[PDB]
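The structure appears right after this line, and notes come after that.
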Amino acid sequence: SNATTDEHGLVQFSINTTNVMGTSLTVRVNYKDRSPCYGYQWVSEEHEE
Amino acid sequence: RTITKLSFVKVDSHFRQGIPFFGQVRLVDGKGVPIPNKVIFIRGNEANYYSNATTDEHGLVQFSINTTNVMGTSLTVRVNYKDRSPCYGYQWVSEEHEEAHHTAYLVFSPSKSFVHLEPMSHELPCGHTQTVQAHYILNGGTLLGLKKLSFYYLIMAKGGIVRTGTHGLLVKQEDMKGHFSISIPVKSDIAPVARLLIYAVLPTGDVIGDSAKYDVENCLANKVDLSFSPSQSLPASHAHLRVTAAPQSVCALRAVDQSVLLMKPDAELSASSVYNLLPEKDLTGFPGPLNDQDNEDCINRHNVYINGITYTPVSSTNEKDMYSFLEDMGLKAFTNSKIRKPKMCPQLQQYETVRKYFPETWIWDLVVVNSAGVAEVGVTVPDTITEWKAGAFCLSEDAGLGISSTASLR
Amino acid sequence: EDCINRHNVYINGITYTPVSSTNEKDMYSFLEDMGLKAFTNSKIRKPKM
Amino acid sequence: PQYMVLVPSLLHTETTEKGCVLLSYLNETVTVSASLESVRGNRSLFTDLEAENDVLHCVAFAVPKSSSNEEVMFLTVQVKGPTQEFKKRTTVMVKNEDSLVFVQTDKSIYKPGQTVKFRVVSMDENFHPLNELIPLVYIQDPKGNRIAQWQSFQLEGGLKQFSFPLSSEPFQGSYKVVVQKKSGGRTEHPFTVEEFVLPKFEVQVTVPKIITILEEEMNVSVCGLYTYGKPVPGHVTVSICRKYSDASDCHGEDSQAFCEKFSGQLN
Amino acid sequence: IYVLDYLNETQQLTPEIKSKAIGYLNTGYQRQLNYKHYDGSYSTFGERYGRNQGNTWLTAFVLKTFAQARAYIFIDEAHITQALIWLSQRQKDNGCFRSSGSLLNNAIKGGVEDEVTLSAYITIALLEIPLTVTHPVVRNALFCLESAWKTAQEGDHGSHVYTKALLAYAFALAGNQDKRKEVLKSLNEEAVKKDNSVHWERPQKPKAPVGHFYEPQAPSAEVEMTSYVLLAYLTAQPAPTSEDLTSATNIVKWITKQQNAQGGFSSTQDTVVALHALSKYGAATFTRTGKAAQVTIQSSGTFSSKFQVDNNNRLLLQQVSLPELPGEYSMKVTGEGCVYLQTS
Ligand SMILES: *[C@@H]1O[C@H](CO)[C@@H](O[C@@H]2O[C@H](CO)[C@@H](O[C@@H]3O[C@H](CO[C@H]4O[C@H](CO)[C@@H](O)[C@H](O)[C@@H]4O)[C@@H](O)[C@H](O)[C@@H]3O)[C@H](O)[C@H]2NC(C)=O)[C@H](O)[C@H]1NC(C)=O
Ligand SMILES: *[C@@H]1O[C@H](CO)[C@@H](O[C@@H]2O[C@H](CO)[C@@H](O[C@@H]3O[C@H](CO)[C@@H](O)[C@H](O)[C@@H]3O)[C@H](O)[C@H]2NC(C)=O)[C@H](O)[C@H]1NC(C)=O
Ligand SMILES: *[C@@H]1O[C@H](CO)[C@@H](O[C@@H]2O[C@H](CO)[C@@H](O[C@@H]3O[C@H](CO)[C@@H](O)[C@H](O)[C@@H]3O)[C@H](O)[C@H]2NC(C)=O)[C@H](O)[C@H]1NC(C)=O
Ligand SMILES: *[C@@H]1O[C@H](CO)[C@@H](O)[C@H](O)[C@H]1NC(C)=O
Ligand SMILES: *[C@@H]1O[C@H](CO)[C@@H](O)[C@H](O)[C@H]1NC(C)=O
Ligand SMILES: *[C@@H]1O[C@H](CO)[C@@H](O)[C@H](O)[C@H]1NC(C)=O
């Protein structure tokens with residue numbers, strides 16, 4: 001689901017668990033990589049995971 | 001090295017869960033001397049239908065198991081002790097009895113029904129048949145079903161099909177049995193492994209079959225055999241070998257001694273010879289340069305993904321489903337339905353004594369039979385003290401191949 | 001020690017899972033996350049083989 | 001949408017291969033063609049079958065030998081739906097059916113000093129005769145050479161017989177004969193040629209190939225007759241020996257752990 | 001093997017690189033057999049791993065290059081036989097099969113893993129048929145190809161270049177003339193051409209989120225697809241139009257500009273198929289004795305130009321300009337061998 005910030009940034013998102021047992025969740029405004037300047041050894045910013 | 005070499009008589013090639021197959025095993029040992037009725041301990045394992053018995057005089061005995069098990073059913077019997085107990089620490093040491101180590105795997109029936117068929121896998125009366133018998137079922141009785149279903153019985157003939165024959169009968173909505181009437185004749189025009197097949201012509205889209213086969217031993221389309229003037233002494237030149245086949249058929253006069261053939265008997269010289277001298281008889285399923293395929297379906301979600309009662313990556317199985325039961329006879333086909341199991345595409349995370357007699361020729365020539373049977377004169381080679389034969393052979397398109405296999409004149 | 005240990009789970013169905021363990025939460029685990037302990041003979045401790 | 005076309009994938013060109021397609025539970029209409037329309041569609045074995053319910057009508061579209069090895073001519077199969085094209089990929093297996101042949105013989109073993117006489121056969125998928133020529137055939141001498149030959153012979157009733165000589169001293173032993181077809185199907189049969197003597201003595205033991213651990217009495221049964229009807233009133237012994245242990249014969253005696261002597265007068 | 005043909009086709013070769021390439025070929029062939037299957041098939045590992053099943057795209061490549069490698073030197077027929085029939089049995093009832101995923105490398109196959117363009121790889125690689133036969137396997141590849149085309153063209157998006165361009169060259173070496181034409185003509189509409197050339201591109205801002213380094217999980221397959229875009233046009237068993245040759249040297253200007261100083265391109269697939277496209281572009285336009293292409297312009301303002309092109313004046317650029325505001329300069333070309341001109 002796509003969502004946004006409330007005044008607190010809260011999101012009352014609900015996922016129906018009609019699935020299976022072993023999960024692995026995730027939450028981002030960005031992707032699975034430090035989108036600018038990740039693999040450089042000299043750039044030191046990050047998006048919180 | 002081993003003692004007491006047991007058998008597997010008529011055991012299941014494979015089996016299914018909704019019906020008890022009967023195991024059968026025999027024995028031979030030493031002088032050919034299984035005891036009539038020495039007891040065994042019939043290893044019911046993981047189905048746990050341990051049910052001791054003993055042989056008959058033949059070695060044979062019949063025995064089954066209970067029903068309620070996963071595919072992984074392991075089955076066997078022992079007759080004597082298990083491990084290598086006596087004087088066994090030297091590494092120049094071994095002493096064994098035979099293992100009745102049988103396994104199999106299980107129908108993948110999300111179709112949930114099947115048919116359970118019984119054998120011919122032994123000697124055979126030809127130009128015959130028998131009331132063929134299997135065990136049918138149906139599931140949820142029938143969920144909605146019909147009044148009837150068609151059961152038209154496929155027979156993989158000569159790498160394809162030859163005959164036509166139908167069956168089918170009522171459906172009772174909510175009660176099952178295991179009886180079914182059918183029979184098929186044994187003639188010719190057939191790859192000599194008898195591959196029967198039968199299934200439900202299902203509306204919900206699935207088929208039920210398997211390797212469920214029979215035998216086709218030596219029996220012929222065109223017959224021919226002989227009759228001769230008798231075994232007689234030195235001067236009995238004027239003799240006969242009257243031989244009888246179809247009306248119009250070129251045929252042979254190979255009247256012969258048989259001692260120099262007792263040296264090397266009819267090794268590749270028979271009707272089963274001319275059967276199996278064919279090439280490429282039944283190249284089945286996945287031949288030499290032949291393989292399975294990547295069905296575009298996939299059960300891929302990004303994790304291990306088994307529900308129910310367990311953490312388990314998709315439980316790597318090894319058993320038998322129905323797309324391979326399309327392979328196990330030899331044919332292709334086309335089918336929109338669901339016949340193959342759900343194996344997935346892997347995810348990103350997990351991926352001699354020389355015994356000869358004199359050589360001179362006696363009889364070798366060809367005649368053609370008539371509507372009444374020719375009576376050709378065999379002519380004697382005296383000074384020849386032995387047993388004799390005529391390895392003839394006949395052939396024609398009005399009757400097909402034929403052979404006078406066996407006869408004797410001393 | 002209470003155990004239902006078959007040689008394998010006996011799932012006659014899609015697959016032949018052998019003795020196939022898990023990590024689902026327990027009320028044993030509710031109580032030890034809580035922290036304290038209790039005594040019964042009911043079904044709380046999952047039937048770990 | 002129920003339909004199933006049992007298509008046997010094994011081939012015997014221009015000879016019987018019957019075929020039928022399955023349907024039940026009547027839909028709009030199904031008249032599928034298990035076709036062989038090519039990449040351009042020029043060559044095909046288009047024997048379409050209609051599909052009606054709860055019956056089967058089997059048909060034998062027997063098909064040719066195509067190019068060098070068996071070509072099916074670019075196979076395609078279209079499901080014939082009136083308001084549907086549910087259709088994807090699958091092929092057939094491919095080989096050329098020669099007319100199938102063999103040999104029988106008087107013997108293989110032969111005495112140099114006389115001649116030879118021999119016959120040949122050819123049939124099809126089915127087991128009925130066939131009158132069609134050959135390219136060639138020739139008796140083989142063992143030295144990579146050919147000794148007899150009758151080139152491009154043809155059958156009479158599906159058969160033929162010759163009779164060829166044999167010199168009274170050829171190379172000894174197996175002497176091959178092979179027929180090869182205009183595809184080159186090689187069908188091979190020897191005739192042994194050896195001047196082994198008529199040995200003027202015979203003695204033939206019976207003895208366990210299989211004597212095993214716990215046994216009570218072995219009755220080694222021995223009578224061979226030098227002419228099958230003439231034994232001696234005499235005596236025989238025999239080296240029943242416990243043996244089979246690789247020996248340098250350092251003992252001066254062979255590898256026997258035992259050599260037993262249950263000799264008796266021949267009755 | 002493709003560069004062997006490419007060097008030989010140009011005619012600036014040497015029998016020494018040739019003979020040491022015989023050595024290359026024998027050794028490399030044999031070491032392919034180090035990793036194949038006991039049945040005929042081909043995986044990455046093979047021997048000492050008896051129980052296994054080969055790879056699909058892999059084996060498509062191996063049959064292709066077995067075709068062309070026999071096409072240069074001796075092979076044994078049983079290999080192509082058993083492998084062609086491997087892909088032939090890779091066939092249950094209907095479906096367009098997918099990768100039996102056992103790769104060690106997602107980039108060696110420049111594609112994007114859809115059975116669409118996989119299957120299209122099968123049909124081309126199994127129709128290009130140099131001097132052997134391609135019997136059963138390849139037409140039902142055309143059949144699934146038409147099926148996926150129906151799924152796509154009934155839609156409007158399959159990356160808009162990649163799948164339908166593979167349809168183009170698949171139908172082309174098939175010769176589905178109206179059908180190849182329809183799909184390559186949609187491609188011609190879906191134009192991403194260059195200021196001096198032509199080329200095609202997947203969305204480049206892809207609808208799914210992308211990664212960081214070289215856009216991983218996606219080879220980007222431009223020189224392979226754009227070659228497979230380039231490849232549809234040159235195909236016709238007598239000849240295509242000269243429009244095909246125009247767009248070909250356009251997209252091949254793009255090819256050679258997209259190459260880098262080492263050799264090949266950013267994969268093996270793109271390199272193979274680029275070099276072969278280029279080679280048979282040549283095999284069309286190149287013949288030994290055909291070195292006689294004569295020329296004229298014919299403009300009515302007494303201002304035209306005669307030229308000639310041969311095997312040994314074979315490639316001098318003739319930088320030539322014009323005084324008239326408009327260009328009304330009527331070409332003419334006679335003789336033997338094709339030429340590339342570029343006006344602006
Ligand atoms: C195959 O396995 C089956 C299951 O184990 C066997 O079935 C058993 O068959 C027997 C005989 O019909 C049944 O009757 C039992 O017999 C035993 C015999 O015990 C003897 O020795 C005791 C010593 O104290 C003596 O008291 C008895 O009188 C007997 O002389 C009895 O001990 C039992 O109480 C009972 O009467 C069994 O019910 C049955 N199961 C058992 C317990 O094994 C079957 O016999 C096996 N196949 C063969 C070789 O027959
Ligand atoms: C293992 O084999 C046995 C047969 O020896 C199977 O047991 C049989 O199961 C059926 C169906 O439940 C029984 O029929 C009915 O049983 C109920 C029991 O209350 C009875 O009230 C009905 O009148 C009817 O008889 C049948 O009796 C039973 N065998 C016997 C004792 O004759 C069993 O199904 C097989 N495997 C398993 C565990 O399913
Ligand atoms: C690659 O190398 C070959 C080296 O042989 C180049 O020459 C080609 O060789 C063949 C040999 O047969 C030529 O065939 C010719 O056919 C004519 C007419 O039958 C005959 O008179 C000649 O004696 C000769 O046999 C062929 O024309 C020639 N070029 C080809 C094959 O197009 C070849 O040019 C190089 N190019 C390739 C094939 O990539
Ligand atoms: C999950 O599916 C259910 C079905 O009723 C739906 O009500 C729910 O909104 C979905 N997800 C949630 C919990 O928002
Ligand atoms: C029967 O099958 C056809 C072909 O898929 C399908 O279009 C149709 O909806 C089905 N039902 C009937 C009764 O036509
Ligand atoms: C198909 O190919 C054959 C090859 O001889 C050709 O004669 C024929 O004209 C082609 N198609 C037809 C039937 O026109």
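Labeling convention for the structure tokens: chains A, B, ... as they appear, residues from 1 per chain, ligands from 1 in order of appearance.
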Show me which bits of chain E are within 10 Å of chain A, counting only C-alpha atoms, as a ChimeraX atom specification.
-> /E:209-213
When you get a sec, could you note down which chain B residues fall within 7 Å of chain A, using only C-alpha atoms, as a VMD selection string?
-> chain B and resid 305 to 307 311
Selection to disk with N, CA and C atoms, as a compact mmCIF listing (two decimals), in the first residue's frame:
```
# COMPACT_ATOMS: atom_id res chain seq x y z
N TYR B 305 7.32 -20.06 2.91
CA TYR B 305 5.92 -20.21 2.51
C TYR B 305 5.46 -21.68 2.51
N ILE B 306 5.31 -22.22 3.71
CA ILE B 306 4.35 -23.30 3.95
C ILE B 306 3.45 -22.92 5.11
N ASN B 307 2.15 -23.08 4.90
CA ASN B 307 1.14 -22.82 5.90
C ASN B 307 0.94 -24.05 6.78
N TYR B 311 6.85 -24.27 9.87
CA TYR B 311 7.82 -23.55 9.05
C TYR B 311 8.52 -24.54 8.14
```
Report as a PyMOL selection string which protein, DNA and RNA residues come within 7 Å of ligand 5, using only C-alpha atoms and all ligand atoms.
-> chain D and resi 1-2+26-28+81+83-84
Give the residues close to ligand 4, within 12 Å, counting only C-alpha atoms and all ligand atoms; write them as JSON, numbers by chain.
-> {"A": [1, 12, 13, 14, 15, 16, 17, 18, 19]}
Return as number ranges by chain every polymer residue, whether protein, DNA or RNA, with at least one atom no more than 8 Å from an atom of ligand 2; count only C-alpha atoms and all ligand atoms.
-> B: 65-68
Within 8 Å of chain B, which residues of chain C show up when using only C-alpha atoms, listed as a list in words?
->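 On the chain C side, the interface is residues 7, 10, 11, 12, 13, 14, 15, 16, 17, 20, 21, 22 and 23 of chain C.
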Can those selected residues be exported to a file as a PDB file, in the first residue's frame so that it contains N, CA and C atoms?
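Output file result.pdb follows:
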```pdb
ATOM      1  N   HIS C   7       7.366 -40.624  13.209  1.00  0.00           N
ATOM      2  CA  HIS C   7       8.588 -40.572  12.417  1.00  0.00           C
ATOM      3  C   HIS C   7       8.648 -39.336  11.526  1.00  0.00           C
ATOM      4  N   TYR C  10       3.285 -36.587   9.091  1.00  0.00           N
ATOM      5  CA  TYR C  10       2.083 -37.125   8.455  1.00  0.00           C
ATOM      6  C   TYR C  10       1.201 -35.985   7.961  1.00  0.00           C
ATOM      7  N   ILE C  11       1.672 -35.280   6.944  1.00  0.00           N
ATOM      8  CA  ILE C  11       0.839 -34.383   6.146  1.00  0.00           C
ATOM      9  C   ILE C  11       0.643 -35.089   4.809  1.00  0.00           C
ATOM     10  N   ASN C  12      -0.421 -35.890   4.694  1.00  0.00           N
ATOM     11  CA  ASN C  12      -0.770 -36.474   3.401  1.00  0.00           C
ATOM     12  C   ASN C  12      -1.619 -35.463   2.650  1.00  0.00           C
ATOM     13  N   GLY C  13      -1.017 -34.834   1.654  1.00  0.00           N
ATOM     14  CA  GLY C  13      -1.601 -33.669   1.032  1.00  0.00           C
ATOM     15  C   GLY C  13      -0.691 -33.151  -0.057  1.00  0.00           C
ATOM     16  N   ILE C  14      -0.410 -31.848  -0.060  1.00  0.00           N
ATOM     17  CA  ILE C  14       0.457 -31.284  -1.090  1.00  0.00           C
ATOM     18  C   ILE C  14       1.847 -31.900  -1.019  1.00  0.00           C
ATOM     19  N   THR C  15       2.359 -32.128   0.194  1.00  0.00           N
ATOM     20  CA  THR C  15       3.738 -32.562   0.363  1.00  0.00           C
ATOM     21  C   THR C  15       3.918 -33.559   1.490  1.00  0.00           C
ATOM     22  N   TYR C  16       5.076 -34.209   1.438  1.00  0.00           N
ATOM     23  CA  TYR C  16       5.604 -35.079   2.481  1.00  0.00           C
ATOM     24  C   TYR C  16       6.595 -34.269   3.319  1.00  0.00           C
ATOM     25  N   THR C  17       6.048 -33.427   4.210  1.00  0.00           N
ATOM     26  CA  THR C  17       6.940 -32.729   5.132  1.00  0.00           C
ATOM     27  C   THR C  17       7.445 -33.790   6.108  1.00  0.00           C
ATOM     28  N   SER C  20       8.911 -31.475  10.833  1.00  0.00           N
ATOM     29  CA  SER C  20       9.140 -30.128  10.327  1.00  0.00           C
ATOM     30  C   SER C  20       8.807 -29.130  11.428  1.00  0.00           C
ATOM     31  N   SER C  21       9.840 -28.592  12.075  1.00  0.00           N
ATOM     32  CA  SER C  21       9.663 -27.746  13.248  1.00  0.00           C
ATOM     33  C   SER C  21       9.161 -26.360  12.861  1.00  0.00           C
ATOM     34  N   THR C  22       9.106 -25.469  13.847  1.00  0.00           N
ATOM     35  CA  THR C  22       8.596 -24.131  13.627  1.00  0.00           C
ATOM     36  C   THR C  22       9.118 -23.169  14.677  1.00  0.00           C
ATOM     37  N   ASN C  23       8.818 -21.892  14.445  1.00  0.00           N
ATOM     38  CA  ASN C  23       8.879 -20.853  15.467  1.00  0.00           C
ATOM     39  C   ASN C  23       7.609 -20.030  15.303  1.00  0.00           C
TER      40      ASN C  23
END
```
Environment of ligand 3 within 10 Å, counting only C-alpha atoms and all ligand atoms, reported as a PDB file with N, CA, C and O atoms, in the first residue's frame:
```pdb
ATOM      1  N   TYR E   2      31.489 -16.249 -33.859  1.00  0.00           N
ATOM      2  CA  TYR E   2      30.844 -15.154 -34.563  1.00  0.00           C
ATOM      3  C   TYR E   2      31.865 -14.130 -35.019  1.00  0.00           C
ATOM      4  O   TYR E   2      31.784 -13.633 -36.150  1.00  0.00           O
ATOM      5  N   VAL E   3      32.878 -13.864 -34.199  1.00  0.00           N
ATOM      6  CA  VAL E   3      33.921 -12.959 -34.672  1.00  0.00           C
ATOM      7  C   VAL E   3      34.799 -13.651 -35.716  1.00  0.00           C
ATOM      8  O   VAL E   3      35.349 -12.989 -36.606  1.00  0.00           O
ATOM      9  N   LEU E   4      34.940 -14.982 -35.637  1.00  0.00           N
ATOM     10  CA  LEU E   4      35.698 -15.716 -36.687  1.00  0.00           C
ATOM     11  C   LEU E   4      35.001 -15.444 -38.019  1.00  0.00           C
ATOM     12  O   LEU E   4      35.683 -15.020 -38.972  1.00  0.00           O
ATOM     13  N   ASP E   5      33.683 -15.648 -38.055  1.00  0.00           N
ATOM     14  CA  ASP E   5      32.906 -15.378 -39.290  1.00  0.00           C
ATOM     15  C   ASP E   5      33.012 -13.890 -39.619  1.00  0.00           C
ATOM     16  O   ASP E   5      33.239 -13.569 -40.798  1.00  0.00           O
ATOM     17  N   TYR E   6      32.909 -13.026 -38.606  1.00  0.00           N
ATOM     18  CA  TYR E   6      32.910 -11.563 -38.858  1.00  0.00           C
ATOM     19  C   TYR E   6      34.241 -11.151 -39.492  1.00  0.00           C
ATOM     20  O   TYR E   6      34.217 -10.427 -40.502  1.00  0.00           O
ATOM     21  N   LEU E   7      35.356 -11.644 -38.948  1.00  0.00           N
ATOM     22  CA  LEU E   7      36.696 -11.311 -39.505  1.00  0.00           C
ATOM     23  C   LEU E   7      36.814 -11.889 -40.919  1.00  0.00           C
ATOM     24  O   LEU E   7      37.292 -11.166 -41.815  1.00  0.00           O
ATOM     25  N   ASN E   8      36.371 -13.135 -41.107  1.00  0.00           N
ATOM     26  CA  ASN E   8      36.457 -13.791 -42.438  1.00  0.00           C
ATOM     27  C   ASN E   8      35.569 -13.048 -43.439  1.00  0.00           C
ATOM     28  O   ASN E   8      36.026 -12.827 -44.577  1.00  0.00           O
ATOM     29  N   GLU E   9      34.365 -12.645 -43.018  1.00  0.00           N
ATOM     30  CA  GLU E   9      33.415 -11.957 -43.932  1.00  0.00           C
ATOM     31  C   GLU E   9      34.019 -10.629 -44.398  1.00  0.00           C
ATOM     32  O   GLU E   9      33.910 -10.326 -45.600  1.00  0.00           O
ATOM     33  N   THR E  10      34.673  -9.900 -43.490  1.00  0.00           N
ATOM     34  CA  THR E  10      35.305  -8.603 -43.852  1.00  0.00           C
ATOM     35  C   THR E  10      36.380  -8.847 -44.914  1.00  0.00           C
ATOM     36  O   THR E  10      36.550  -7.935 -45.749  1.00  0.00           O
ATOM     37  N   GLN E  11      37.112  -9.969 -44.828  1.00  0.00           N
ATOM     38  CA  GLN E  11      38.178 -10.350 -45.807  1.00  0.00           C
ATOM     39  C   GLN E  11      39.535  -9.783 -45.377  1.00  0.00           C
ATOM     40  O   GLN E  11      40.449  -9.760 -46.224  1.00  0.00           O
ATOM     41  N   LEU E  13      41.459 -11.226 -42.950  1.00  0.00           N
ATOM     42  CA  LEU E  13      41.758 -12.289 -41.968  1.00  0.00           C
ATOM     43  C   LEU E  13      43.147 -12.870 -42.173  1.00  0.00           C
ATOM     44  O   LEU E  13      43.959 -12.251 -42.890  1.00  0.00           O
ATOM     45  N   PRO E  15      44.922 -17.173 -42.108  1.00  0.00           N
ATOM     46  CA  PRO E  15      44.779 -18.580 -41.700  1.00  0.00           C
ATOM     47  C   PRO E  15      45.476 -18.949 -40.388  1.00  0.00           C
ATOM     48  O   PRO E  15      45.286 -20.076 -39.912  1.00  0.00           O
ATOM     49  N   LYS E  18      42.967 -18.325 -37.775  1.00  0.00           N
ATOM     50  CA  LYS E  18      42.055 -19.406 -38.125  1.00  0.00           C
ATOM     51  C   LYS E  18      42.472 -20.726 -37.493  1.00  0.00           C
ATOM     52  O   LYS E  18      41.658 -21.422 -36.888  1.00  0.00           O
ATOM     53  N   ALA E  71      28.906 -24.700 -38.782  1.00  0.00           N
ATOM     54  CA  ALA E  71      28.864 -23.961 -40.036  1.00  0.00           C
ATOM     55  C   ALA E  71      30.248 -23.486 -40.451  1.00  0.00           C
ATOM     56  O   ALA E  71      30.475 -23.215 -41.635  1.00  0.00           O
ATOM     57  N   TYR E  72      31.196 -23.416 -39.511  1.00  0.00           N
ATOM     58  CA  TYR E  72      32.581 -23.074 -39.922  1.00  0.00           C
ATOM     59  C   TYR E  72      33.419 -24.346 -40.053  1.00  0.00           C
ATOM     60  O   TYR E  72      34.024 -24.540 -41.126  1.00  0.00           O
ATOM     61  N   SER E 279      27.506  -9.690 -39.241  1.00  0.00           N
ATOM     62  CA  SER E 279      28.173 -10.603 -40.159  1.00  0.00           C
ATOM     63  C   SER E 279      27.283 -10.923 -41.339  1.00  0.00           C
ATOM     64  O   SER E 279      27.753 -11.024 -42.474  1.00  0.00           O
ATOM     65  N   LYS E 280      25.990 -11.060 -41.099  1.00  0.00           N
ATOM     66  CA  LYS E 280      25.098 -11.503 -42.153  1.00  0.00           C
ATOM     67  C   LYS E 280      24.427 -10.353 -42.875  1.00  0.00           C
ATOM     68  O   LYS E 280      24.049 -10.516 -44.039  1.00  0.00           O
ATOM     69  N   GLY E 282      26.568  -8.283 -43.673  1.00  0.00           N
ATOM     70  CA  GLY E 282      27.635  -8.373 -44.652  1.00  0.00           C
ATOM     71  C   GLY E 282      27.398  -9.475 -45.666  1.00  0.00           C
ATOM     72  O   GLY E 282      27.472  -9.237 -46.874  1.00  0.00           O
ATOM     73  N   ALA E 283      27.050 -10.676 -45.189  1.00  0.00           N
ATOM     74  CA  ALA E 283      26.853 -11.827 -46.067  1.00  0.00           C
ATOM     75  C   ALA E 283      25.817 -11.528 -47.132  1.00  0.00           C
ATOM     76  O   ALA E 283      25.874 -12.079 -48.235  1.00  0.00           O
ATOM     77  N   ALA E 284      24.874 -10.643 -46.820  1.00  0.00           N
ATOM     78  CA  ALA E 284      24.043 -10.047 -47.852  1.00  0.00           C
ATOM     79  C   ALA E 284      24.872  -9.149 -48.753  1.00  0.00           C
ATOM     80  O   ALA E 284      24.947  -9.356 -49.970  1.00  0.00           O
ATOM     81  N   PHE E 286      28.087  -8.534 -49.084  1.00  0.00           N
ATOM     82  CA  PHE E 286      29.469  -8.863 -49.440  1.00  0.00           C
ATOM     83  C   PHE E 286      29.505 -10.120 -50.296  1.00  0.00           C
ATOM     84  O   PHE E 286      28.879 -11.133 -49.976  1.00  0.00           O
ATOM     85  N   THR E 287      30.236 -10.034 -51.400  1.00  0.00           N
ATOM     86  CA  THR E 287      30.669 -11.183 -52.182  1.00  0.00           C
ATOM     87  C   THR E 287      32.050 -10.871 -52.740  1.00  0.00           C
ATOM     88  O   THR E 287      32.376  -9.702 -52.969  1.00  0.00           O
ATOM     89  N   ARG E 288      32.846 -11.923 -52.953  1.00  0.00           N
ATOM     90  CA  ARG E 288      34.288 -11.788 -53.291  1.00  0.00           C
ATOM     91  C   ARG E 288      34.449 -10.961 -54.573  1.00  0.00           C
ATOM     92  O   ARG E 288      35.041  -9.866 -54.496  1.00  0.00           O
ATOM     93  N   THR E 289      33.949 -11.472 -55.702  1.00  0.00           N
ATOM     94  CA  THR E 289      34.125 -10.792 -56.975  1.00  0.00           C
ATOM     95  C   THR E 289      33.264  -9.543 -57.090  1.00  0.00           C
ATOM     96  O   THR E 289      33.491  -8.739 -58.001  1.00  0.00           O
TER      97      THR E 289
END
```
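Compared by their closest atoms to chain D, and using only C-alpha atoms, the residues B:4, B:347, B:218, B:64 rank with B:4 nearest.
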What residues in chain B have any atom no more than 7 Å from chain D when counting only C-alpha atoms, and can you write them as an NGL selection string?
-> :B and (150 or 159-162 or 189 or 201 or 203 or 250 or 330-335 or 356 or 359 or 395-397 or 400-401)
Include C-alpha atoms and write out the residues we just selected as an mmCIF file, in the first residue's frame.
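Output (again_8.cif):
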```cif
data_model
loop_
_atom_site.group_PDB
_atom_site.id
_atom_site.type_symbol
_atom_site.label_atom_id
_atom_site.label_comp_id
_atom_site.auth_asym_id
_atom_site.auth_seq_id
_atom_site.Cartn_x
_atom_site.Cartn_y
_atom_site.Cartn_z
ATOM 1 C CA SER B 150 -17.412 -42.434 -19.157
ATOM 2 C CA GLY B 159 4.007 -46.893 -29.190
ATOM 3 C CA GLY B 160 0.463 -45.659 -29.744
ATOM 4 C CA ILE B 161 -3.048 -47.106 -29.787
ATOM 5 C CA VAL B 162 -4.685 -49.787 -31.966
ATOM 6 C CA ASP B 189 -0.473 -56.066 -33.748
ATOM 7 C CA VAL B 201 -13.494 -38.471 -18.239
ATOM 8 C CA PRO B 203 -15.593 -32.476 -16.011
ATOM 9 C CA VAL B 250 6.091 -68.971 -49.392
ATOM 10 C CA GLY B 330 5.120 -43.453 -24.251
ATOM 11 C CA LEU B 331 2.550 -41.040 -25.694
ATOM 12 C CA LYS B 332 2.241 -37.295 -25.864
ATOM 13 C CA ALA B 333 -1.086 -35.534 -25.509
ATOM 14 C CA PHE B 334 -2.616 -32.098 -24.988
ATOM 15 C CA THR B 335 -4.615 -31.002 -21.961
ATOM 16 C CA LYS B 356 30.518 -80.599 -32.509
ATOM 17 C CA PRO B 359 28.774 -80.933 -40.771
ATOM 18 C CA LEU B 395 5.299 -65.792 -44.456
ATOM 19 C CA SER B 396 2.620 -64.024 -46.513
ATOM 20 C CA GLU B 397 0.588 -60.824 -46.566
ATOM 21 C CA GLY B 400 1.365 -62.522 -41.669
ATOM 22 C CA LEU B 401 4.486 -64.210 -40.350
#
```
Test item: residues lying within 12 Å of ligand 6 with only C-alpha atoms and all ligand atoms, as a PyMOL selection string = chain D and resi 37-44+67+73
